[PDB]
Amino acid sequence: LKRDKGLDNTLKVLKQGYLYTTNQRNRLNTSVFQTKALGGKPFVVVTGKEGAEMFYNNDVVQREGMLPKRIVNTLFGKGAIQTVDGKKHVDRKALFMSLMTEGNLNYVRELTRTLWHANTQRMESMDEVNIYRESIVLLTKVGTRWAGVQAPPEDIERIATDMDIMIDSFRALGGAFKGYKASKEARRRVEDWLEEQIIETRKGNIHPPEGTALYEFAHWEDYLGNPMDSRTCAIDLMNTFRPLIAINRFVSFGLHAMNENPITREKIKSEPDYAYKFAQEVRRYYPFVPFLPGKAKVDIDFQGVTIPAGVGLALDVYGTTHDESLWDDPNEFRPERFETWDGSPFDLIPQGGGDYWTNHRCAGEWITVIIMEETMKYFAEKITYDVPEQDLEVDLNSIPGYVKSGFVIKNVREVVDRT
Ligand code: HEM
Ligand SMILES: CC/C=C/C/C=C/C/C=C/C/C=C/C/C=C/CCCC(=O)O
């Protein structure tokens, strides 16, 4: 088992970012390697379809307790679905999956569409529009409503900012950092607000619609016959829409892709099924999740080495989505590649891999793709706009992935045939 040197390589991982793991595989000439991080903890980095298949074998890999605690404290919440494994996890995961009906998915589609259409005037009136910011505010509107949570309009900008702080809080991979305290306080504010809504729902003082997250989470009973305690219930209720709001990252990246590859715009407009392919390709190509932590429960034989019991595991998300053998030209943006993708659970893993129901794989992938379809269709078809000189760099050596400027547009004008 080959190794990246030192006693602790955390600073080096942060310096190389999304390119760390691939830099190490190239220079060490291997598909699998160990490194130490987060204070001398050994992690074996696995990649590709075989890496993802093993990482999602529950007989042999633990996820519980493996997330850095500071990231639990800011991004997910204590006792969240991401923190639990086994029967308890499967049971609670089914509640999340139960929201993803045909009707509820068709509703998030309609909400996204209506709100972009309703936002056109505002964007015309602005001197410039930072798409990262504008989209995070619009998606807070979409997400709170889809989840059955009432958010007064005066509070939407605050809530969006709080979510943004939480979403960004994996940047130090669990280390201390300047905004850590502010990040916890943002989370507290959002948990308190949601707990109040769960309490008032259970008390019968408010009446969210049946099939909404707030309704279904407030009333659900676990497999032993118990509802969640109200704080846990608020924490997991946030997990139904904070990551929806995080789609703003992908909205910024999608406008970037359309600007860099103007042929895509035309095809999103003219071509059936293309908005779907474009959305998939934003998720594959652009950086968001670098890797995911786990632990070997037992010795594991893998690609010619033995991973000892008790050692950490890191599934390389960026590496897999950018694997030369899986995608032919992994560093080119080419939506047509999805004409031949066979739907594997183990290659297109930007929001995880494996099985939705028994693994920690994202419950929100359909929603992500639907929002990205409708949002890219809007920007491609419904408005024209200019793109000013600005800093469009996406620095692959810096976690998290952002367009430096946020992606700014100007001179927004609705497309209307008035003849
Ligand atoms: C915006 C981009 C999104 C990204 C990058 C993202 C990424 C991910 C990742 C990496 C995981 C963990 C996979 C694992 O641990 O094996 C995950 C889990 C999760 N995602 Fe997402 N996701 C996004 C959007 C959404 C949306 C829109 C929702 C809900 C509407 C959602 C709900 C969740 C839930 C509930 C889990 C936990 C499932 C579990 O622990 O079993 N995600 N997501
Ligand atoms: C080379 C490695 C050492 C690995 C160390 C382990 C680091 C843990 C990294 C966890 C990063 C998880 C980021 C996931 C972000 C989910 C999308 C955001 C949506 C949401 O708000 O939940």
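Because only heavy atoms are used, hydrogens play no part in the values below, and waters and symmetry mates are left out as well, while side chains stay in. For reference, positions follow the sequence shown, starting with 1. Counting convention: from 1, in listed order, for ligands and their atoms alike.
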* Do you know which of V129, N259, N130 makes side chain to side chain contact (heavy atoms under 4.5 Å, CB included) with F407? -> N259
* Is the distance between the ring centroids of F338 and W341 under 6.0 Å? -> yes
* Among protein heavy atoms, which lies nearest atom 18 (C) of ligand 1, and at what distance? -> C362 CA, 3.5 Å
* Run the numbers for me: atoms of ligand 2, each under 4.0 Å from some heavy atom of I167, listed by number. => 21 (O)
* Counting heavy atoms only, which of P42, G77, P293 is nearest atom 8 (C) of ligand 2? -> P293
* Asked: For atom 13 (C) of ligand 1, what is the nearest protein heavy atom, given as residue, atom name and distance?
  -> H360 O, 3.1 Å
* To do: Could you tell me if the ring centre of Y18 sits under 6.0 Å from that of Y286?
  => no
* **Candidate list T35, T47, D316, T320, test side-chain hydrogen bond (donor to acceptor under 3.5 Å, both in side chains), partner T21, passing option** => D316
* Mind checking whether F241 has a heavy atom under 4.0 Å from ligand 1? -> no
* To do: Report the distance from atom CG of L315 to atom OH of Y56, rounding to the nearest 0.5 Å.
  => 5.5 Å
* Of the listed options (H89, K93, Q82), which comes nearest to atom 36 (C) of ligand 1 when hydrogens are ignored and any heavy atom counts? -> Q82
* Asked: What protein heavy atom sits nearest atom 29 (C) of ligand 1, and how far off is it?
  -> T240 O, 3.6 Å
* Asked: Out of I81, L244, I370, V289, whose heavy atom sits nearest atom 10 (C) of ligand 1?
  -> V289
* Asked: Which one holds for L315 and ligand 1: side chain close, backbone close, both close, or neither close, with close meaning a heavy atom under 4.0 Å?
  -> neither
* To do: Going by heavy-atom distance to atom 31 (C) of ligand 1, choose the closest among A213, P243, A80, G294.
  => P243
* Asked: Does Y56 come within less than 4.0 Å of ligand 1, judged by its heavy atoms?
  -> yes
* Could you check atom 35 (C) of ligand 1 against the protein and tell me its nearest heavy-atom contact, residue, atom and distance included? => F96 CD2, 3.3 Å
* To do: Can you pull out the closest protein heavy atom to atom 32 (C) of ligand 1? Residue, atom name and distance to 0.1 Å, please.
  => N239 O, 3.5 Å
* Sub-4.0 Å atoms of ligand 2 with respect to non-hydrogen atoms of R242 -> 20 (C), 21 (O), 22 (O)
* To do: Examine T21 against ligand 2 and note whether any of their N/O atoms are separated by less than 3.5 Å.
  => no
* **Part of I247 with heavy atoms under 4.0 Å of ligand 1, whether side chain, backbone, both or neither** => both
* Looking only at distance, does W146 have an N or O less than 3.5 Å from an N or O of ligand 1? -> no
* Asked: Would you call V317 a ligand 1 contact, heavy-atom distance under 4.0 Å?
  -> no
* Asked: Does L75 have a non-hydrogen atom less than 4.0 Å from ligand 2?
  -> yes
* **For atom 7 (C) of ligand 1, the option (of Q351, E365, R63) bearing the nearest heavy atom** => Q351
* Asked: Which of the atoms in ligand 2, numbered in the order shown and given with their element, are less than 4.0 Å from a heavy-atom of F291?
  -> 1 (C), 4 (C), 9 (C), 10 (C), 11 (C)
* **Atoms of ligand 2 close to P243 [distance to a heavy atom under 4.0 angstrom, numbered from 1]** => 19 (C), 20 (C), 21 (O), 22 (O)
